[PDB]
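Notes for the one structure printed next.
Only heavy atoms go into these numbers, but all of them, side chains included; no hydrogens, no water, no symmetry mates. Chain identifiers are assigned alphabetically (A, B, ...) following the order of the sequence lines, protein sequences preceding nucleic acid strands; residue numbering begins at 1 within each chain.
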Amino acid sequence: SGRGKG
Amino acid sequence: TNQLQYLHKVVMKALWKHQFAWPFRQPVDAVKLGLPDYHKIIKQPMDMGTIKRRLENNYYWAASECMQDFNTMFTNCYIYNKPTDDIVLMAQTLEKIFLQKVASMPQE
């Protein structure tokens, strides 16, 4: 599960 | 082919200029965006710039091949990002347009 872009 | 003409002149045209398109117009740059896990999670990166180039250069052999590239681009976004990330809502908005336009694509 990725950190993500916000 | 007529289907690929439609994907270029109708579908890509609508998506490329959309106000939510800008994060999708070039490959995800994991360094610029500070995402050191991106390429560990996403193994087939895709973006609209690449798709647009492929349409311009007659790279695709079938409409479904181009449609699969749009799908991979949106699916990468949903898999990698958090559910609450704004980019998810942007992708959903563009994917809805993609599907509406694909519903009226020629058949051959």
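Cluster membership for B:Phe70 and B:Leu4, using ILVMFWY side-chain heavy atoms within less than 4.5 angstrom, is shared.
More than 12 heavy atoms of other residues, nucleotides or ligands shown are found within 6.0 angstrom of NZ on B:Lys43. The 12-atom threshold is exceeded at OH of B:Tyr78, counting heavy atoms of other residues, nucleotides or ligands nearer than 6.0 Å. Atom CD of B:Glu108 sits in a sparse spot, with 12 or fewer heavy atoms from other residues, nucleotides or ligands closer than 6.0 Å. Residue B:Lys101 places its NZ atom among 12 or fewer non-hydrogen atoms of other residues, nucleotides or ligands, all under 6.0 Å distant.
Remark: side-chain polar atoms of B:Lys82 are paired, donor with acceptor, to backbone N or O of A:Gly2 under 3.5 angstrom. Checked by atom type and distance alone, the side chain of B:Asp37 pairs as donor or acceptor with a backbone atom of A:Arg3 at under 3.5 Å.
In this structure, no portion of B:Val88 lies under 4.5 Å from any heavy atom of chain A.
Between chain A and the residues B:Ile79, B:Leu33, B:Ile41, the most heavy-atom pairs under 4.5 angstrom are made by B:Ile41.
When every heavy atom of A:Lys5 is checked against every heavy atom of B:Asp85, the shortest pair comes out as N-OD2, 3.5 Å.
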